[PDB]
There are 4 protein chains.
Amino acid sequence: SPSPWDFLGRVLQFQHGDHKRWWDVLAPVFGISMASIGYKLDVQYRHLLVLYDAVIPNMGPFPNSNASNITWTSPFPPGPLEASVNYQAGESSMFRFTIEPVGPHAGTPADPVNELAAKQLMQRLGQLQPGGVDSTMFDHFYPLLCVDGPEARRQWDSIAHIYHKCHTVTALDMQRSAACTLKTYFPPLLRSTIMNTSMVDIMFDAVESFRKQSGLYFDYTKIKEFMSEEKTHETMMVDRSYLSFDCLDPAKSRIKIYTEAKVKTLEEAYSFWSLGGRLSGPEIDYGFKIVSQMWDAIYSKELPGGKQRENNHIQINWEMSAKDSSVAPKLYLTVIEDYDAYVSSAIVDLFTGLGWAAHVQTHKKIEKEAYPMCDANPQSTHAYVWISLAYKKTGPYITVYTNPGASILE
Amino acid sequence: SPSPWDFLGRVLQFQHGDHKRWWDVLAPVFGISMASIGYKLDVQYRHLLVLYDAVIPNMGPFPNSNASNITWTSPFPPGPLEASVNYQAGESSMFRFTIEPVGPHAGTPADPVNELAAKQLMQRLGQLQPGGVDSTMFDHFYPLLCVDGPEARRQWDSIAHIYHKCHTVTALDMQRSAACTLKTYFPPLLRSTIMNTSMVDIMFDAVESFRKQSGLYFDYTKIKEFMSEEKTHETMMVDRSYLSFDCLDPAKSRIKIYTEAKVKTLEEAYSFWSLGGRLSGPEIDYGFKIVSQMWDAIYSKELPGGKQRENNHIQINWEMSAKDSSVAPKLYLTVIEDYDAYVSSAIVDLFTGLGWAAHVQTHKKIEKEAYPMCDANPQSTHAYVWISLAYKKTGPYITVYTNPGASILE
Amino acid sequence: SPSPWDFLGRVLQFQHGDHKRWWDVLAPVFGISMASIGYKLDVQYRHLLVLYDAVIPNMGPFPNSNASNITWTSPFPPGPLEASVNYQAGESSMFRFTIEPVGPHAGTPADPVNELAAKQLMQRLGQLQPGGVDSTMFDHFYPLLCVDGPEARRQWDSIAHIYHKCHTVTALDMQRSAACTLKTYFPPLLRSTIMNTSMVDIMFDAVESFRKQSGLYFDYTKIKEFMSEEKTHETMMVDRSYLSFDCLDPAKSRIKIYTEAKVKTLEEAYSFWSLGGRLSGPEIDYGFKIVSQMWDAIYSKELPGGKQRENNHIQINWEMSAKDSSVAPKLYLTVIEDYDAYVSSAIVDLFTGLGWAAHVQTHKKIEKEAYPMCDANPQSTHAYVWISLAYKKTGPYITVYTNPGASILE
Amino acid sequence: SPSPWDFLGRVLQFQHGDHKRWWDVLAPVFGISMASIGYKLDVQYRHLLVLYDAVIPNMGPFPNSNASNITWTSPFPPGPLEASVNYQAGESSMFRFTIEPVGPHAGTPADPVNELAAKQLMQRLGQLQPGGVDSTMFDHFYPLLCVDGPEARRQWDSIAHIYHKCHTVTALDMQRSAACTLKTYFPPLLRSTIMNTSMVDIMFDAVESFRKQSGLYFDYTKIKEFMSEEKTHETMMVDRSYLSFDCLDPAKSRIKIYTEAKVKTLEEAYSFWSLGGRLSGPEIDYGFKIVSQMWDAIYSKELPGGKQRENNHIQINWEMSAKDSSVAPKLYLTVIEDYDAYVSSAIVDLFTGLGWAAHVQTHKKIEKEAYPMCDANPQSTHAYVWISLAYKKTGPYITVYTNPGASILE
C-alpha cells in the first residue's frame with residue numbers, strides 16, 4: 001500500500017516546481033496528521049488534492065537555502081503559519097492549517113501587497129465545492145479592515161515601513177467529512193496605518209457595522225473595554241491583532257478577536273484570558289487551571305544555548321457568537337524557542353493528567369512520523385510553534401500548532 | 001520555415017485545453033496581422049508568448065458549438081472584442097487587440113463579477129516586463145469607476161438585472177518594439193447603477209479628482225457639456241460608455257471618453273464627432289470629410305437577408321491630453337451586420353482615395369490569410385466589426401477592427 | 001458528495017486537452033462501473049489517477065466530429081477497445097479495460113508504427129507500482145511476435161498495405177485491491193507479414209521457445225492442431241489473432257490464444273469452443289449450453305434498418321496454464337450491430353436464468369448511469385460491443401464488454 | 001530588452017520542475033553561445049524552445065547537491081555531455097551539444113536501460129520539423145549496435161556489471177538556419193558484452209552491412225586494420241568506442257568511428273591521428289602541427305593540487321564519407337582536469353597564431369558571459385572539458401567543448 005501522499009506525488013502533474021517541493025514537504029505532514037487522526041482514505045485524497053490545487057499554488061516560492069527567492073517579507077518562515085491538530089474529550093480530532101496566501105510574485109513591483117492570492121484561494125475553494133464558501137462577512141469586512149491593491153499602492157508612503165504587510169490570512173479547517181471550510185483573518189494594521197486610526201476602534205467599529213447591517217448579535221463590549229485600557233497596552237502588542245470570521249452563513253459563523261502579548265506572570269495572563277475580570281464563571285476558572293499547569297510546565301525550563309526568558313510570549317482569541325452574547329477565550333502559549341522535546345513532554349503529561357491516552361498515542365504518532373527531527377535531533381526547536389488552550393462546556397480544548405515546513409529548517 | 005504560431009503551438013505546453021483552442025483560433029490571426037504589418041520574427045514570438053501566458057488564460061472558456069460552457073454572459077461573442085490594425089500615412093502600422101479579461105469561472109457563484117481576471121492579466125503583463133505597467137491611474141480610477149468583488153456581491157440586488165456586467169477591459173497595444181503596453185477601460189455602468197448616479201457625473205467627477213490629485217490638465221468641460229445635453233441623450237446610449245486611460249506615466253498617458261450612439265443622418269454624426277460644434281478647426285473638417293465618405297460608402301448598401309437599416313450604429317472616443325486642453329475625436333462605424341466583402345471594398349476604395357497602395361496590399365493580405373471566410377464565403381458578415389476614423393495633424397488615422405474568433409462563427 | 005471523477009476533473013491539471021476530453025468521456029464510465037461493482041472510494045481515486053497518468057496520455061488524440069485529427073488508422077473507433085465488467089457466481093465482479101496504446105503522433109511520419117506508447121504505458125504502470133509489472137514474458141515475446149520501430153520502418157513496403165498496424169495491446173485489470181495488473185496482447189500480423197510466415201507457426205513457435213527457456217508447461221498442441229486444420233480456416237480470420245499473456249511472474253501468469261471467426265451455425269461455434277472436439281468434459285458442455293442460450297437469444301432478432309445477418313461474428317480465447325496442461329476457452333459474441341436494448345435484455349434474462357439478481361441490478365445500474373443512450377435512444381447500437389462466455393469449475397463466467405466512448409458516437 | 005532565455009523562462013510553462021532547473025542552468029549557456037556566435041533572435045527562440053520541448057524532458061533528473069536522485073549512473077556528471085562551439089576560418093561558427101537522453105526513471109527497475117528517452121527525443125525532433133530526422137541509418141544500425149529494452153533486460157546477468165549502460169547518444173547540431181539536425185552515437189559496449197564479440201568486428205561488420213544494403217561506399221578498411229592491431233590496444237580503451245552517423249539522407253550523411261586513448265607521447269597521438277601511418281597527405285601534416293602545438297601548450301603545465309600527469313587522455317573521430325573513400329580524423333584533447341584559465345589561454349594563443357581575432361573575442365565573450373567561474377574562481381576546472389582539432393581543405397577546424405552544467409559543479 002502506497003499512502004495517498006506518495007501515490008499522488010507520483011501521478012500528479014504540478015503547474016510549477018515550487019508546488020512540487022511544497023508538496024514533498026507538507027503533504028507528508030498533512031497526510032500523516034490526517035491519517036493518525038483517523039481520517040478515511042478518500043478524505044485524505046480529497047484534502048491533499050485541495051491542497052494541491054487551491055492551497056499550494058497560493059503559498060509562494062519555495063525557500064532555497066539562502067531564501068533568496070522569497071520577496072514577500074515576513075517575520076515567520078515561509079509556508080503555512082501552522083498546521084493544527086485539535087484534541088478534545090469526546091469529540092473527534094480535526095486537522096487545520098492556516099496559510100497567509102502569497103502570490104508567486106508578491107513583494108515585487110508586480111504584486112507589492114499580494115492582493116490576489118487570498119482571492120484566488122477563496123475562488124478555488126468555492127469552485128471545488130460550490131456553496132461552501134459564503135462571502136457575506138468577507139465582503140462586509142473587506143473594505144473596513146483590508147486594503148485593496150490600489151489603496152495600498154497609492155497609500156504606499158504610509159505603509160512601506162511595515163515589515164509584514166499581511167492583510168488577509170486563510171485558515172482551512174479540513175474536516176473528516178471531506179468538507180474544507182474556510183476561515184479568513186483580517187489584520188487591519190495596513191488599514192489602521194493608512195487611516196491613522198487604532199486597531200480597536202476599527203475592528204470593533206466594523207463589527208458593529210456588521211451587527212446593525214445583519215441584526216446578528218456580536219457583543220464586542222467586553223473586548224473593546226479591555227483592549228482599550230492602559231495596563232493592557234502596557235504588555236499588549238496591539239499591532240499584531242486581527243479579526244477572524246468563518247466564511248459561512250453569518251448566522252452560524254463566529255467572529256474572533258486576536259491579539260498578541262508579552263507577559264511575565266500568570267496575573268497578566270489571567271488579565272488577557274479574563275478581559276480584566278469581565279469574563280468569569282466555571283469555564284474561565286477550569287480553563288486557567290490548565291493554562292497555569294502548562295505555563296509552569298513549559299516556561300519552567302531551559303532554552304537552547306542556555307538563554308533566559310526575557311518574558312513569555314502569548315496570544316489570545318476571544319470568540320463571540322452570533323445568537324449569544326458569550327465571549328470565549330483561547331490562549332496561545334508560544335513555544336517557537338522551546339525544546340520540541342520539552343514541549344512534547346509537557347503536552348503528553350497534560351494529556352495524561354486529563355486521562356487522554358488515545359490522544360497521547362496520536363500525538364507521539366504524528367510526532368515520530370511527520371516530525372522526525374524531534375526524535376533524531378535531541379535539540380530541535382522547530383516542529384512545535386504554539387499550544388492553545390480553550391475550555392468549553394464539553395471540557396478542555398487543547399490544540400497543538402506545529403510547523404509543517406520544519407523539514408526546511410533542518 | 002514554420003511560422004511562429006505553428007512552431008509555438010507545436011512546442012508550447014498549455015495549462016488548459018481552452019488555451020490551446022484559443023491559440024489555434026487567434027494565434028494564426030494575430031501572427032498573420034503582425035507579420036503582414038512588418039513585424040520582426042522575434043517580436044512575433046514575444047507577442048505570441050505574451051498572448052499565450054498573459055492573455056489566453058484570461059479569455060475564458062472556449063465556445064463549444066452550443067456555447068453551453070460560457071457562463072459569463074455578454075452581447076458580444078466570446079473572445080477578444082476586437083483585433084485592430086492601425087493605418088496612418090508615414091507612421092508604421094501597429095497591431096492591437098482589446099479583451100474583456102474573463103476568468104475561467106466568471107459568471108458562476110465562484111466568480112460572479114469576474115474581479116480577478118483583469119488584475120491577473122495586469123500582474124502578468126507587469127511581470128513579463130517590470131516597470132512597463134504603471135498603475136498610477138488604474139489605482140485612482142478603480143474605486144471611483146469600477147466595482148470590487150465584495151461591493152458587487154453585496155450590491156447584487158442592484159445589478160443582477162444587467163446582462164453584461166463588464167467592469168474593466170484591457171486593450172493591449174502590441175508594438176513593433178516587442179513592448180506590450182496596456183490600456184484599461186472602465187465602464188461605470190455597475191458603479192453608477194449601484195450608486196444610482198449618472199455616467200457623466202461619475203466619469204467626469206473621477207477625471208476631475210485625478211486632475212486635482214495630479215495637477216495634470218484633462219479638460220473634460222466640452223465633453224461633459226455635450227454629453228449632458230438633451231438631444232444627445234436623444235440618440236446616445238449613455239449606458240454603453242466607458243472611461244479609457246493608458247496604464248503608463250500619467251504625464252505621458254491619455255484619457256478617453258467613449259459612448260455609443262444610434263444615429264440616422266450625418267448631422268447627428270457630426271454632433272457626436274464635434275461635441276455639438278464645441279470642437280472645430282481644420283482637423284474636425286478633414287476628419288468628417290472621411291467619415292462622410294465611409295458613411296455613404298458602407299451604409300449605402302444591402303444587408304444580408306434583404307433587411308433594412310433601422311439606424312446607423314456608431315461609437316466615439318474623445319481623447320484628452322495631459323499637457324494640453326485639446327480633445328480629439330475618433331468615430332467608430334459599426335459593420336457587424338454588413339458584408340465583409342462590402343466593408344473590405346469600402347476600406348480599399350478609401351485607402352486608394354488616400355493614395356495608400358501599401359496599405360491596401362497589407363489589408364488584402366491580412367484579409368485572405370487570416371480571414372479566409374471573406375474570399376470563401378461570399379456572404380460573410382463576421383470578420384469585420386468596426387472601422388474607426390480619426391484625424392491628427394499627421395493626417396488621417398483609420399483603424400480596421402476585425403473579429404479574430406471569426407473562425408468560430410463559421 | 002462529489003464523486004471521484006467530478007472532483008478529480010475539477011482539481012486535476014492535465015498535460016493536454018485531449019486528456020481532459022478523454023477524461024470527461026471515460027472517467028464517468030470507469031468510475032460508475034467501479035462504483036456499481038462495489039469498489040471503495042480510495043480505489044476509485046487510485047484507478048482514476050492511474051487512468052489520468054498512465055493510460056489517458058497513451059490513448060491518442062480525441063476524435064473531433066469528422067475524426068480529422070486521428071492519424072492512427074483503425075477499424076475500431078478511437079478510445080479503449082472495450083471496458084469490461086466481469087460477472088461470476090461467488091467471486092466479486094472486477095473492472096477491466098483494454099486499450100491499444102496510441103501515441104500522440106502515431107500514424108504520422110514521426111511515429112508511423114506507434115512503438116513507444118505501449119512501452120511508455122508499461123513504464124508508467126511500473127513506476128506507479130514498482131515490482132507490479134514483470135516483463136519476463138514481454139521481453140521474450142517482443143522480438144518473436146512484435147515488430148520494433150526500426151524493423152517496421154525498413155520493412156515498410158511489406159506492411160504499408162495493412163490498415164490496422166497494431167502490434168501490442170494492453171489490458172489493465174483494475175482490481176478492488178487498487179492493484180492495476182497489466183496484460184499485453186501481441187498480434188503478430190505485422191511480424192508474420194514481414195517474415196512471410198503464418199500466425200500459427202509463429203505464435204506457437206514463440207510459445208514453445210518460452211516453454212523450453214522457462215521450463216513452464218504451456219501445452220499449445222490442441223490449439224495448434226485445431227488452428228492448423230482446413231475447415232477452421234474455412235471460417236477463421238486467422239489474421240485477426242493475437243497471443244496474450246499476463247505481465248506477471250511467468251509461473252503465475254497465463255497465456256491465451258485469440259482468433260476471430262465468422263460462423264453461421266452453432267456447429268462451427270462448438271468447433272471453435274472445443275478445438276474440433278479435442279476439448280471436452282463437463283465444463284465444455286455446461287459452457288456451450290450458455291453459449292447456445294445467448295446465441296439464440298441475441299442473434300435471433302432484428303438488426304437496425306431491417307438488415308439481415310450475413311453471418312455471426314465471434315471471437316475465442318483459449319487459456320493455457322503454466323503448471324497444468326489444461327486449455328480453457330472463452331467465446332466472444334460480437335454485438336456491435338445489435339440493439340443495446342436487445343443485448344441488455346438478453347444479458348438480463350441470462351443472469352435471471354442463472355439466479356443472478358444482484359448482477360442484473362448492477363448491470364442495469366451501470367447501464368442507466370454510465371450508458372444513458374440505451375434508455376434515451378431506443379435504437380442505440382453503441383454501448384455494448386461484445387459478450388464473453390467462459391465456464392470454470394466455479395461456474396459460469398460472463399463478461400459484458402462495453403464501449404466507454406459510446407458518448408462520442410451519439 | 002530581455003534576452004530570449006530570460007523572457008522564455010518567465011512565460012514558459014514547464015511540465016516538471018527538473019525541466020525548469022535544467023533551463024535555468026543551460027538556457028543561459030546555450031543562448032549566450034548562440035548569441036555570441038551571431039545567431040538571429042528568432043533562431044535563439046526556436047532552438048531554446050526545441051531544448052525546452054525535445055531535449056530538457058530527456059535529460060533526466062536535476063542533481064541535488066548530494067546527487068541522490070540520479071539513478072542513471074554515469075562517470076560523467078549529469079546533463080549534456082558537452083556543448084560545443086565550432087571555430088573555422090571563413091565558415092561561420094556553429095553551436096552543438098550532445099546529450100545522452102536519460103528518461104525520468106532511467107536506472108530504476110521501471111526503465112533499467114533507458115530505452116525510450118532517445119526514441120522520444122528523435123520523435124519530438126521529427127515532429128517539430130517533419131522530414132528533418134531521417135531514420136534510414138538509425139533503423140539499420142539499431143539492431144546491430146544497440147540493445148533494445150527486452151534484450152538488455154533478459155541479458156541482464158551479462159551487463160549488470162557495467163557502470164555506464166549507455167547505448168545511444170544524440171548530438172543536436174543547432175544551426176543558424178533554425179534547423180536542428182540530429183546525430184546519433186551507438187556505443188556497442190552493451191551489444192558486444194552480450195554477444196561476447198569485439199567492438200571492432202561488430203561496428204565495422206554493421207558498417208559493411210549498411211554498405212552492401214545501401215551501395216554507399218564507407219571504406220572502413222584503414223580503421224579496422226589500425227584498431228585491430230596490438231600496439232593500439234596497448235593504449236586504446238576500445239570499450240569507450242562508438243559509431244556515429246548523421247540522421248539524414250544516408251547519401252549526404254557521414255559515419256564516424258570513435259575511440260578513447262591514454263597516450264604519453266606525441267608518437268602515440270600520431271598513431272591514432274594517422275591510423276598507424278595509413279592516413280597521410282598535406283592535411284594530416286598540417287593537422288598534427290596544430291595538435292602538437294596545443295599538446296605542448298596545454299599538457300605542459302600544472303594541474304590543481306600540484307598533481308602529476310600519469311598520461312594524456314585523448315579521443316579521436318575518423319569520419320568516412322558516403323561518396324568518397326577518404327577518412328578524416330578529429331582528435332580530442334581532454335582537459336577536464338586542467339585549469340580553465342590555462343585551457344582558455346591556450347585556445348586564445350592558438351587562435352591568435354591562426355590570426356583569428358574575431359574568434360578570440362567570441363571565445364572570451366562566451367567565457368565571461370556563460371562561464372563566469374573562469375573569471376571569478378582563479379582555480380576553476382569545470383567549464384572546459386575537451387578541445388578537438390581537425391583539419392580540412394578549408395583549413396583548421398578547432399572545437400571547444402564546454403560543460404554547460406558547470407554552474408552545478410560550483
# chains A, B, ... in the order shown; residues from 1 in each chain; ligands from 1
$ residues_around --residues "residue 331 in chain B" --least-positions-apart "3" --cutoff "8 Å" --atoms "only C-alpha atoms" --output "number ranges by chain"
B: 273, 291, 314-317, 388-390
$ write_last_selection --atoms "N, CA, C and O atoms" --output "CSV table (one decimal), in the first residue's frame"
chain,number,residue,atom,x,y,z
B,273,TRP,N,-19.2,63.7,-33.3
B,273,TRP,CA,-17.8,64.0,-33.6
B,273,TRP,C,-17.3,65.3,-33.1
B,273,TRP,O,-16.2,65.5,-32.7
B,291,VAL,N,-15.3,60.6,-42.6
B,291,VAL,CA,-16.4,59.9,-42.0
B,291,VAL,C,-17.6,59.9,-43.0
B,291,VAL,O,-18.2,58.9,-43.1
B,314,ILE,N,-23.0,53.8,-34.2
B,314,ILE,CA,-21.7,54.3,-34.2
B,314,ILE,C,-21.2,54.4,-32.7
B,314,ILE,O,-22.0,54.2,-31.8
B,315,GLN,N,-19.9,54.6,-32.6
B,315,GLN,CA,-19.3,54.8,-31.3
B,315,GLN,C,-18.2,55.9,-31.5
B,315,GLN,O,-17.8,56.2,-32.6
B,316,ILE,N,-17.8,56.5,-30.4
B,316,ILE,CA,-17.0,57.7,-30.5
B,316,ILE,C,-16.1,57.8,-29.3
B,316,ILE,O,-16.5,57.5,-28.1
B,317,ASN,N,-14.8,58.1,-29.5
B,317,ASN,CA,-13.8,58.3,-28.5
B,317,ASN,C,-13.3,59.7,-28.6
B,317,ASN,O,-12.9,60.1,-29.6
B,388,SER,N,-12.8,52.7,-37.7
B,388,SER,CA,-12.6,53.8,-36.8
B,388,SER,C,-11.8,54.9,-37.5
B,388,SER,O,-10.7,54.6,-38.0
B,389,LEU,N,-12.4,56.1,-37.6
B,389,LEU,CA,-11.8,57.2,-38.3
B,389,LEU,C,-11.4,58.3,-37.2
B,389,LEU,O,-12.2,58.7,-36.4
B,390,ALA,N,-10.1,58.7,-37.3
B,390,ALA,CA,-9.6,59.8,-36.5
B,390,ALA,C,-8.7,60.6,-37.4
B,390,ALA,O,-8.0,60.1,-38.3
$ interface_residues --of "chain B" --to "chain D" --cutoff "12 Å" --atoms "only C-alpha atoms" --output "ChimeraX atom specification"
/B:1-16,39-55,124-130,132,177-179
$ atom_distance --atom1 "CA of residue 66 in chain C" --atom2 "CA of residue 18 in chain C"
15.4 Å
$ closest_residue --among "A:297, A:36, A:93, A:85" --to "residue 345 in chain A" --atoms "only C-alpha atoms"
A:297
$ residues_around --residues "residue 328 in chain D" --least-positions-apart "4" --cutoff "10 Å" --atoms "only C-alpha atoms" --output "PDB file with N, CA and C atoms, in the first residue's frame"
ATOM      1  N   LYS D 256      31.202   7.969 -38.551  1.00  0.00           N
ATOM      2  CA  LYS D 256      32.400   8.296 -37.802  1.00  0.00           C
ATOM      3  C   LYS D 256      32.659   7.213 -36.775  1.00  0.00           C
ATOM      4  N   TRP D 273      45.936   9.541 -34.730  1.00  0.00           N
ATOM      5  CA  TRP D 273      45.523  10.504 -35.743  1.00  0.00           C
ATOM      6  C   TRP D 273      45.703   9.950 -37.150  1.00  0.00           C
ATOM      7  N   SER D 274      46.759   9.173 -37.370  1.00  0.00           N
ATOM      8  CA  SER D 274      47.152   8.729 -38.697  1.00  0.00           C
ATOM      9  C   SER D 274      46.680   7.324 -39.022  1.00  0.00           C
ATOM     10  N   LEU D 279      47.015   6.902 -43.008  1.00  0.00           N
ATOM     11  CA  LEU D 279      46.464   8.174 -43.449  1.00  0.00           C
ATOM     12  C   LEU D 279      47.584   9.197 -43.511  1.00  0.00           C
ATOM     13  N   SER D 280      47.732   9.839 -44.664  1.00  0.00           N
ATOM     14  CA  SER D 280      48.788  10.816 -44.860  1.00  0.00           C
ATOM     15  C   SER D 280      48.302  11.868 -45.845  1.00  0.00           C
ATOM     16  N   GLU D 283      47.069  17.325 -45.362  1.00  0.00           N
ATOM     17  CA  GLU D 283      46.120  17.651 -44.307  1.00  0.00           C
ATOM     18  C   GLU D 283      46.504  16.992 -42.992  1.00  0.00           C
ATOM     19  N   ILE D 284      46.925  15.729 -43.035  1.00  0.00           N
ATOM     20  CA  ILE D 284      47.381  15.063 -41.820  1.00  0.00           C
ATOM     21  C   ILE D 284      48.542  15.833 -41.203  1.00  0.00           C
ATOM     22  N   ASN D 317      38.024  10.837 -33.610  1.00  0.00           N
ATOM     23  CA  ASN D 317      36.935  10.524 -34.526  1.00  0.00           C
ATOM     24  C   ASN D 317      37.501  10.439 -35.932  1.00  0.00           C
ATOM     25  N   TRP D 318      37.241   9.328 -36.610  1.00  0.00           N
ATOM     26  CA  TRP D 318      37.586   9.167 -38.016  1.00  0.00           C
ATOM     27  C   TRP D 318      36.303   9.162 -38.832  1.00  0.00           C
ATOM     28  N   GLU D 319      36.128  10.176 -39.670  1.00  0.00           N
ATOM     29  CA  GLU D 319      34.919  10.319 -40.465  1.00  0.00           C
ATOM     30  C   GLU D 319      35.129   9.709 -41.841  1.00  0.00           C
ATOM     31  N   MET D 320      34.169   8.898 -42.267  1.00  0.00           N
ATOM     32  CA  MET D 320      34.182   8.257 -43.573  1.00  0.00           C
ATOM     33  C   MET D 320      32.990   8.748 -44.380  1.00  0.00           C
ATOM     34  N   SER D 321      33.252   9.241 -45.583  1.00  0.00           N
ATOM     35  CA  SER D 321      32.205   9.822 -46.405  1.00  0.00           C
ATOM     36  C   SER D 321      31.489   8.746 -47.212  1.00  0.00           C
ATOM     37  N   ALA D 390      40.662  19.247 -35.951  1.00  0.00           N
ATOM     38  CA  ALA D 390      40.513  18.576 -37.224  1.00  0.00           C
ATOM     39  C   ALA D 390      40.956  19.537 -38.308  1.00  0.00           C
ATOM     40  N   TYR D 391      41.447  18.982 -39.409  1.00  0.00           N
ATOM     41  CA  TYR D 391      41.982  19.782 -40.499  1.00  0.00           C
ATOM     42  C   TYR D 391      41.332  19.336 -41.797  1.00  0.00           C
ATOM     43  N   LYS D 392      40.702  20.279 -42.484  1.00  0.00           N
ATOM     44  CA  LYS D 392      40.064  20.053 -43.767  1.00  0.00           C
ATOM     45  C   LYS D 392      40.678  20.996 -44.788  1.00  0.00           C
TER      46      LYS D 392
END
$ residues_around --residues "residue 160 in chain C" --least-positions-apart "2" --cutoff "12 Å" --atoms "only C-alpha atoms" --output "list in words"
residues 73, 107, 112, 113, 152, 153, 154, 155, 156, 157, 158, 162, 163, 164, 165, 190, 193 and 194 of chain C
$ select_by_dssp --residues "range 112-267 of chain B" --states "helix (DSSP H, G or I)" --output "ChimeraX atom specification"
/B:116-128,138-145,149-154,189-195,199-214,221-227,230-235,266-267
$ write_last_selection --atoms "C-alpha atoms" --output "compact mmCIF listing (two decimals), in the first residue's frame"
# COMPACT_ATOMS: atom_id res chain seq x y z
CA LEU B 116 -9.57 38.76 -10.72
CA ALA B 117 -9.06 38.22 -14.45
CA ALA B 118 -8.14 41.81 -15.27
CA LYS B 119 -5.90 42.03 -12.22
CA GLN B 120 -4.22 38.71 -13.02
CA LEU B 121 -3.64 40.00 -16.55
CA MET B 122 -2.19 43.29 -15.33
CA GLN B 123 0.05 41.29 -12.99
CA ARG B 124 1.33 39.00 -15.75
CA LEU B 125 1.97 41.99 -18.01
CA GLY B 126 3.91 43.71 -15.25
CA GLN B 127 5.94 40.59 -14.50
CA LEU B 128 6.85 39.90 -18.14
CA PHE B 138 -5.63 52.50 -12.53
CA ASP B 139 -5.40 52.74 -8.76
CA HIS B 140 -7.11 56.13 -8.72
CA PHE B 141 -9.94 55.29 -11.12
CA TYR B 142 -10.57 51.80 -9.71
CA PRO B 143 -12.61 52.80 -6.61
CA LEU B 144 -14.39 55.58 -8.48
CA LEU B 145 -15.45 53.80 -11.68
CA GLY B 149 -15.91 41.92 -5.95
CA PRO B 150 -17.32 42.49 -2.47
CA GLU B 151 -19.35 45.60 -3.34
CA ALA B 152 -20.82 43.96 -6.43
CA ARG B 153 -21.61 40.88 -4.33
CA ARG B 154 -23.44 42.72 -1.55
CA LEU B 189 -22.42 51.06 -15.53
CA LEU B 190 -22.09 48.80 -12.48
CA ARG B 191 -20.88 51.63 -10.26
CA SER B 192 -23.49 54.09 -11.49
CA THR B 193 -26.26 51.51 -11.16
CA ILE B 194 -25.19 50.85 -7.56
CA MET B 195 -24.74 54.49 -6.57
CA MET B 199 -22.24 58.03 -16.13
CA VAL B 200 -21.46 61.67 -16.88
CA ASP B 201 -21.32 62.91 -13.29
CA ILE B 202 -19.23 59.91 -12.19
CA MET B 203 -16.79 59.56 -15.08
CA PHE B 204 -16.05 63.28 -15.23
CA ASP B 205 -16.06 63.70 -11.45
CA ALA B 206 -13.40 60.98 -11.24
CA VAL B 207 -11.47 62.70 -14.04
CA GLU B 208 -11.53 65.96 -12.07
CA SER B 209 -10.48 64.11 -8.92
CA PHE B 210 -7.45 62.82 -10.80
CA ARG B 211 -6.85 66.32 -12.16
CA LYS B 212 -6.66 67.92 -8.72
CA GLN B 213 -4.75 64.97 -7.26
CA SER B 214 -2.17 65.01 -10.07
CA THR B 221 -15.56 70.50 -20.00
CA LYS B 222 -16.52 70.19 -23.67
CA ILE B 223 -17.38 66.52 -23.25
CA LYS B 224 -19.40 66.98 -20.07
CA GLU B 225 -21.34 69.85 -21.61
CA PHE B 226 -22.15 67.87 -24.76
CA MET B 227 -22.88 64.51 -23.11
CA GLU B 230 -30.85 66.62 -24.20
CA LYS B 231 -30.71 65.97 -27.94
CA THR B 232 -27.56 63.90 -27.44
CA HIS B 233 -29.28 61.60 -24.95
CA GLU B 234 -32.00 61.52 -27.62
CA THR B 235 -29.76 59.16 -29.61
CA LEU B 266 -24.69 62.65 -40.80
CA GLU B 267 -25.90 65.64 -38.77
$ closest_residue --among "D:288, D:62, D:242, D:185" --to "residue 268 in chain D" --atoms "only C-alpha atoms"
D:288
$ atom_distance --atom1 "CA of residue 344 in chain D" --atom2 "CA of residue 329 in chain D"
23.3 Å
$ atom_distance --atom1 "CA of residue 33 in chain A" --atom2 "CA of residue 95 in chain A"
7.1 Å
$ residues_around --residues "residue 262 in chain C" --least-positions-apart "5" --cutoff "8 Å" --atoms "only C-alpha atoms" --output "VMD selection string"
chain C and resid 235 to 237 311 to 314
$ select_by_dssp --residues "range 49-94 of chain B" --states "strand (DSSP E)" --output "tab-separated table (two decimals) with N, CA and C atoms, in the first residue's frame"
chain	number	residue	atom	x	y	z
B	82	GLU	N	-12.11	42.71	-30.15
B	82	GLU	CA	-11.63	43.05	-31.48
B	82	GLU	C	-10.13	42.89	-31.53
B	83	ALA	N	-9.62	42.78	-32.75
B	83	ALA	CA	-8.20	42.87	-33.04
B	83	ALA	C	-8.02	43.91	-34.12
B	84	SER	N	-7.23	44.92	-33.82
B	84	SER	CA	-7.16	46.13	-34.62
B	84	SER	C	-5.84	46.20	-35.37
B	85	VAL	N	-5.88	46.78	-36.56
B	85	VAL	CA	-4.69	47.10	-37.33
B	85	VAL	C	-4.79	48.55	-37.75
B	86	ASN	N	-3.90	49.37	-37.22
B	86	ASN	CA	-3.88	50.79	-37.49
B	86	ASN	C	-3.28	51.08	-38.85
B	87	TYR	N	-3.75	52.17	-39.46
B	87	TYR	CA	-3.28	52.59	-40.78
B	87	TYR	C	-3.16	54.10	-40.79
